[PDB]
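Novice: Just so it is clear, I am handing over data-v2.tsv, which has TSV, C-alpha atoms.
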```
chain	number	residue	atom	x	y	z
A	1	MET	CA	42.77	20.82	69.85
A	2	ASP	CA	42.26	23.22	66.93
A	3	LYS	CA	42.95	26.87	66.15
A	4	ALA	CA	39.71	28.20	67.67
A	5	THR	CA	40.15	26.32	70.94
A	6	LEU	CA	43.81	27.37	71.03
A	7	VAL	CA	42.92	31.05	70.67
A	8	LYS	CA	40.15	30.76	73.27
A	9	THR	CA	42.44	29.07	75.79
A	10	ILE	CA	45.27	31.55	75.18
A	11	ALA	CA	42.87	34.45	75.75
A	12	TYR	CA	41.42	32.84	78.89
A	13	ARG	CA	44.71	31.94	80.58
A	14	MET	CA	46.29	35.33	79.82
A	15	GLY	CA	43.90	37.09	82.20
A	16	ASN	CA	40.50	36.75	80.47
A	17	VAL	CA	41.62	39.20	77.78
A	18	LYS	CA	38.91	39.96	75.24
A	19	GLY	CA	40.02	42.90	73.09
A	20	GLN	CA	42.93	41.23	71.32
A	21	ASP	CA	42.23	38.42	68.87
A	22	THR	CA	44.43	39.14	65.85
A	23	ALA	CA	47.67	39.54	67.80
A	24	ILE	CA	47.00	36.12	69.31
A	25	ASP	CA	46.88	34.56	65.83
A	26	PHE	CA	50.01	36.46	64.77
A	27	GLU	CA	52.02	35.32	67.79
A	28	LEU	CA	50.59	31.80	67.46
A	29	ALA	CA	52.01	31.53	63.95
A	30	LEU	CA	55.27	33.12	65.10
A	31	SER	CA	55.44	30.63	67.98
A	32	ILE	CA	55.42	27.68	65.58
A	33	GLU	CA	57.96	29.46	63.38
A	34	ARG	CA	60.25	29.95	66.38
A	35	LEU	CA	59.86	26.37	67.61
A	36	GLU	CA	60.75	24.97	64.19
A	37	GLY	CA	64.04	26.87	64.31
A	38	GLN	CA	65.38	25.20	67.45
A	39	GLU	CA	67.54	22.09	67.69
A	40	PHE	CA	64.92	19.59	68.86
A	41	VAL	CA	62.78	18.07	66.09
A	42	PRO	CA	59.72	16.02	67.12
A	43	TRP	CA	58.64	12.81	65.43
A	44	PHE	CA	55.63	14.35	63.68
A	45	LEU	CA	57.85	16.46	61.39
A	46	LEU	CA	59.18	13.37	59.60
A	47	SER	CA	58.19	13.37	55.94
A	48	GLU	CA	57.32	10.52	53.57
A	49	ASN	CA	59.44	8.89	50.89
A	50	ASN	CA	60.43	11.48	48.29
A	51	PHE	CA	62.20	10.76	45.01
A	52	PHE	CA	64.41	13.00	42.88
A	53	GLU	CA	65.26	12.61	39.19
A	54	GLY	CA	68.39	14.12	37.83
A	55	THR	CA	70.23	14.70	34.64
A	56	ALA	CA	73.50	13.17	33.69
A	57	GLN	CA	76.66	15.10	34.52
A	58	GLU	CA	75.31	17.03	37.47
A	59	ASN	CA	76.47	15.71	40.77
A	60	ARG	CA	74.66	18.39	42.73
A	61	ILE	CA	71.18	17.60	43.92
A	62	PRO	CA	69.37	20.39	45.55
A	63	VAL	CA	68.16	20.03	49.12
A	64	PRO	CA	64.47	19.29	49.55
A	65	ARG	CA	62.27	22.28	50.27
A	66	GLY	CA	61.79	22.31	54.02
A	67	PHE	CA	64.86	20.34	54.98
A	68	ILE	CA	65.74	20.67	58.59
A	69	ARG	CA	68.00	17.65	59.04
A	70	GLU	CA	67.97	14.18	57.70
A	71	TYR	CA	66.58	11.17	59.53
A	72	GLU	CA	69.20	9.08	61.10
A	73	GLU	CA	67.53	5.78	60.97
A	74	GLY	CA	67.16	6.25	57.25
A	75	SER	CA	69.32	6.67	54.15
A	76	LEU	CA	69.60	8.02	50.62
A	77	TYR	CA	68.82	5.12	48.38
A	78	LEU	CA	69.52	4.83	44.68
A	79	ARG	CA	66.65	3.12	42.94
A	80	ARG	CA	67.73	1.44	39.79
A	81	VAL	CA	65.32	1.00	36.93
A	82	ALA	CA	64.65	-2.64	37.74
A	83	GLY	CA	63.42	-1.70	41.18
A	84	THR	CA	66.56	-2.77	43.03
A	85	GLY	CA	68.68	-0.36	45.04
A	86	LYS	CA	71.75	0.43	47.10
A	87	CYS	CA	72.19	2.79	50.01
A	88	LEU	CA	74.56	5.66	49.37
A	89	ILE	CA	77.19	6.48	52.09
A	90	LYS	CA	77.96	9.90	53.61
A	91	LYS	CA	81.47	11.18	53.94
A	92	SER	CA	83.04	14.64	54.09
A	93	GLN	CA	84.05	16.34	50.88
A	94	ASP	CA	87.73	16.22	51.40
A	95	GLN	CA	87.35	12.52	51.78
A	96	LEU	CA	85.56	12.16	48.46
A	97	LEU	CA	87.96	13.73	46.06
A	98	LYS	CA	89.76	10.54	45.12
A	99	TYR	CA	86.73	9.58	43.19
A	100	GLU	CA	86.69	12.34	40.65
A	101	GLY	CA	86.68	10.60	37.33
A	102	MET	CA	86.47	7.01	38.54
A	103	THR	CA	83.40	5.79	36.76
A	104	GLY	CA	80.21	3.96	37.67
A	105	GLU	CA	76.98	4.06	39.62
A	106	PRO	CA	76.88	6.55	42.40
A	107	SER	CA	78.14	5.24	45.72
A	108	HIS	CA	78.82	8.06	48.24
A	109	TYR	CA	77.73	11.57	49.12
A	110	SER	CA	78.42	14.81	50.91
A	111	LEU	CA	76.18	17.60	52.17
A	112	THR	CA	77.59	21.02	51.62
A	113	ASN	CA	75.01	23.68	52.54
A	114	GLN	CA	72.29	23.63	49.98
A	115	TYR	CA	73.42	20.64	47.99
A	116	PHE	CA	73.83	16.88	47.97
A	117	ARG	CA	76.80	15.75	45.88
A	118	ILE	CA	77.16	12.36	44.18
A	119	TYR	CA	80.89	12.14	43.56
A	120	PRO	CA	80.96	9.00	41.38
A	121	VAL	CA	79.50	11.32	38.74
A	122	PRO	CA	76.70	9.45	36.92
A	123	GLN	CA	76.88	9.30	33.13
A	124	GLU	CA	73.13	8.61	32.83
A	125	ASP	CA	69.90	9.78	34.44
A	126	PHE	CA	69.35	8.44	37.96
A	127	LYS	CA	66.79	8.47	40.77
A	128	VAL	CA	67.23	8.65	44.55
A	129	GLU	CA	64.92	8.53	47.58
A	130	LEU	CA	65.24	10.10	51.02
A	131	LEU	CA	63.47	10.44	54.37
A	132	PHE	CA	64.06	13.70	56.22
A	133	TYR	CA	62.54	16.19	58.64
A	134	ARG	CA	60.59	19.13	57.23
A	135	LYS	CA	59.05	22.38	58.30
A	136	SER	CA	55.36	21.86	58.87
A	137	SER	CA	54.09	24.36	56.44
A	138	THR	CA	55.51	22.08	53.82
A	139	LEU	CA	54.22	18.71	54.96
A	140	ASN	CA	51.34	17.15	53.09
A	141	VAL	CA	49.04	16.51	56.04
A	142	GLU	CA	45.56	17.91	56.79
A	143	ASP	CA	46.13	19.93	59.98
A	144	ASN	CA	49.21	21.28	61.58
A	145	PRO	CA	50.68	18.48	63.48
A	146	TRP	CA	51.64	20.79	66.26
A	147	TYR	CA	48.09	21.61	67.09
A	148	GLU	CA	47.24	18.03	67.80
A	149	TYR	CA	50.29	16.94	69.67
A	150	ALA	CA	51.94	19.98	71.14
A	151	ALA	CA	49.12	22.24	72.13
A	152	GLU	CA	50.09	23.03	75.60
A	153	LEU	CA	53.63	24.00	74.65
A	154	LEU	CA	52.22	26.41	72.16
A	155	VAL	CA	49.90	28.12	74.56
A	156	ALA	CA	52.68	28.92	76.87
A	157	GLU	CA	54.91	30.25	74.19
A	158	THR	CA	52.25	32.57	72.92
A	159	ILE	CA	51.39	33.82	76.32
A	160	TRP	CA	55.06	34.55	76.88
A	161	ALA	CA	55.39	36.60	73.82
A	162	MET	CA	52.36	38.61	74.52
A	163	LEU	CA	53.22	39.33	78.10
A	164	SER	CA	56.76	40.11	77.27
A	165	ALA	CA	55.58	42.94	75.17
A	166	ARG	CA	53.46	44.43	78.04
A	167	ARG	CA	56.65	44.03	80.04
A	168	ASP	CA	54.92	41.95	82.59
A	169	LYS	CA	56.91	39.82	84.93
A	170	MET	CA	54.66	36.91	84.57
A	171	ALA	CA	56.42	36.11	81.40
A	172	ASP	CA	59.24	34.19	83.02
A	173	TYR	CA	56.72	31.85	84.67
A	174	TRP	CA	55.24	30.91	81.31
A	175	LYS	CA	58.69	30.40	79.77
A	176	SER	CA	59.47	27.96	82.59
A	177	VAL	CA	56.15	26.21	81.89
A	178	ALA	CA	57.04	25.93	78.19
A	179	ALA	CA	60.49	24.57	79.04
A	180	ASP	CA	58.94	21.90	81.25
A	181	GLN	CA	56.49	20.95	78.49
A	182	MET	CA	59.32	20.60	75.95
A	183	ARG	CA	61.32	18.54	78.45
A	184	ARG	CA	58.39	16.15	78.83
A	185	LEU	CA	57.88	16.03	75.05
A	186	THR	CA	61.49	14.93	74.54
A	187	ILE	CA	61.05	12.02	76.96
A	188	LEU	CA	57.77	11.08	75.27
A	189	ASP	CA	59.53	10.98	71.89
A	190	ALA	CA	62.31	8.81	73.33
A	191	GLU	CA	59.79	6.42	74.88
A	192	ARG	CA	57.83	6.17	71.62
A	193	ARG	CA	60.98	5.47	69.60
A	194	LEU	CA	62.34	2.67	71.81
A	195	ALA	CA	59.15	0.68	72.47
A	196	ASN	CA	59.16	-3.04	71.62
A	197	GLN	CA	62.82	-2.97	70.53
A	198	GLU	CA	65.49	-5.46	71.65
A	199	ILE	CA	69.20	-4.66	71.39
A	200	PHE	CA	71.90	-7.31	70.97
A	201	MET	CA	75.61	-6.54	71.09
A	202	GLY	CA	77.21	-7.38	67.76
B	1	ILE	CA	88.89	-48.91	119.66
B	2	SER	CA	88.67	-46.53	116.78
B	3	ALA	CA	85.03	-45.82	117.00
B	4	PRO	CA	85.24	-42.82	119.03
B	5	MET	CA	87.52	-41.12	116.52
B	6	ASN	CA	85.71	-42.25	113.40
B	7	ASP	CA	82.69	-40.43	114.55
B	8	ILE	CA	84.54	-37.23	114.88
B	9	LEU	CA	85.36	-37.68	111.28
B	10	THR	CA	81.77	-38.25	110.16
B	11	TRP	CA	80.69	-35.22	112.05
B	12	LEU	CA	83.17	-33.05	110.35
B	13	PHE	CA	82.24	-34.27	106.88
B	14	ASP	CA	78.57	-33.96	107.38
B	15	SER	CA	78.66	-30.52	108.75
B	16	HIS	CA	80.67	-29.32	105.88
B	17	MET	CA	78.38	-30.90	103.41
B	18	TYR	CA	75.24	-29.51	104.93
B	19	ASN	CA	76.52	-25.96	105.03
B	20	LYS	CA	77.53	-26.04	101.33
B	21	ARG	CA	74.22	-27.30	100.29
B	22	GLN	CA	72.38	-24.36	101.82
B	23	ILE	CA	74.37	-21.47	100.41
B	24	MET	CA	76.38	-22.37	97.35
B	25	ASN	CA	74.12	-21.49	94.44
B	26	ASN	CA	74.39	-18.39	92.33
B	27	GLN	CA	71.70	-15.88	93.30
B	28	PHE	CA	71.13	-12.18	92.84
B	29	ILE	CA	69.51	-9.38	94.73
B	30	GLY	CA	67.79	-6.56	92.91
B	31	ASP	CA	65.14	-3.86	92.38
B	32	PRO	CA	62.38	-5.23	90.22
B	33	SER	CA	61.07	-1.91	89.10
B	34	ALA	CA	64.00	-0.50	87.26
B	35	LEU	CA	64.43	-3.01	84.48
B	36	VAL	CA	62.40	-4.60	81.70
B	37	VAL	CA	62.02	-8.23	82.89
B	38	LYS	CA	61.88	-10.48	79.87
B	39	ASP	CA	65.33	-9.21	79.09
B	40	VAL	CA	66.71	-10.47	82.38
B	41	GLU	CA	65.46	-13.87	81.56
B	42	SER	CA	67.35	-14.63	78.40
B	43	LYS	CA	70.40	-16.74	77.92
B	44	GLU	CA	71.45	-15.50	74.54
B	45	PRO	CA	75.00	-14.67	74.22
B	46	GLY	CA	74.92	-10.88	73.86
B	47	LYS	CA	72.01	-9.10	75.34
B	48	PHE	CA	71.37	-5.66	76.60
B	49	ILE	CA	69.14	-5.54	79.62
B	50	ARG	CA	67.34	-2.28	78.98
```
Would you write out, as structure tokens, the structure that this file holds?

Specialist:
Amino acid sequence: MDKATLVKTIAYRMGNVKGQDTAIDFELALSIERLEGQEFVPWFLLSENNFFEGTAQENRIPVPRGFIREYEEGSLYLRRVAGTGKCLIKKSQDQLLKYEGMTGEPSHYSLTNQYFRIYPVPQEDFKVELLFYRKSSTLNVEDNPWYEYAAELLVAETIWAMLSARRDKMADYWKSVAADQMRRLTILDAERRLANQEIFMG
Amino acid sequence: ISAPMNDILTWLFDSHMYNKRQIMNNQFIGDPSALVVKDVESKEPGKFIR
């Protein structure tokens, strides 16, 4: 679906409302903003490979712009000039204080709020790569991913906001509908992730 | 003179042997729907039947 069909469907299923059209757009943007703030991150918010170049003597690497969380089946990889690389390992900061002053290529990291820290402090310019989840407004794609894959969740959320203002009771029905849609979306993500994969112990 | 007894012995042996043949093989009972099948049919040493 697209924005026009979304607005038309939201207006139709809210009681064939016709006067309001701008509030629907406002609460449709706010619905996506609210959904991005919750704990569950769908698969379509995963970014592409991004590389960072940094100066010598700074261990702090700022977090990417729309960082929500990192991707577990992924890693921060140091790409050496020759094209080879190693995967850096995450530990807590307390655990990485032994290394201050030991010298060499970077080998470990910690995330403290807005910054990634490379504790084996490089003495020369480096380059790292990362895969992580991002807010949509910052992805490079053509259309909001949400519109294509999560359209029915969005409709319900918008209808809930609008009705909630009117103080209607119907709102709790649409919140239950949205909760069911998100529950199904989680199972769909799990099924997509695990397809054609065989697990061996050890 | 011993024939009548010998037979009792053959009967005992044969019965035992015929009952073992019928039931002593490892076999399992299960619900086909709940599992992915190709996984069940593998003899690899460590395998997770998903």

Novice: Contacts of residue A:161 at 10 Å or less, counting all atoms listed in the file, minus same-chain residues fewer than 4 places along, as a list in words?

Specialist: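 In the requested form, the answer reads residues 24, 27, 28, 30, 31, 156, 157, 165, 166, 167, 171, 174 and 175 of chain A.
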
Novice: Please check the contacts: residues of chain A at most 6 Å away from chain B, using only C-alpha atoms, listed as a PyMOL selection string.

Specialist: chain A and resi 199-201

Novice: Name all residues at most 9 Å from residue A:111 (count all atoms listed in the file; drop same-chain ones fewer than 2 positions away) and give them as a list in words.

Specialist: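 The residues that qualify are residues 63, 90, 91, 92, 93, 109, 113, 114, 115, 116 and 117 of chain A.
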
Novice: Could you check how far atom CA of residue A:75 sits from atom CA of residue A:35, in Å to one decimal?

Specialist: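 Computed distance, atom CA of residue A:75 to atom CA of residue A:35, equals 25.7 Å.
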
Novice: Give the centre and edge lengths of an axis-aligned box, in Å to one decimal, that holds all listed atoms of stretch 5-11 of chain B with 4 Å on each side, as lines of an AutoDock Vina configuration file.

Specialist:
```
center_x = 84.1
center_y = -38.7
center_z = 113.3
size_x = 14.8
size_y = 15.0
size_z = 14.4
```

Novice: Report, in Å to a single decimal, how far apart atom CA of residue A:105 and atom CA of residue A:125 are.

Specialist: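 Going from atom CA of residue A:125 over to atom CA of residue A:105 covers 10.5 Å.
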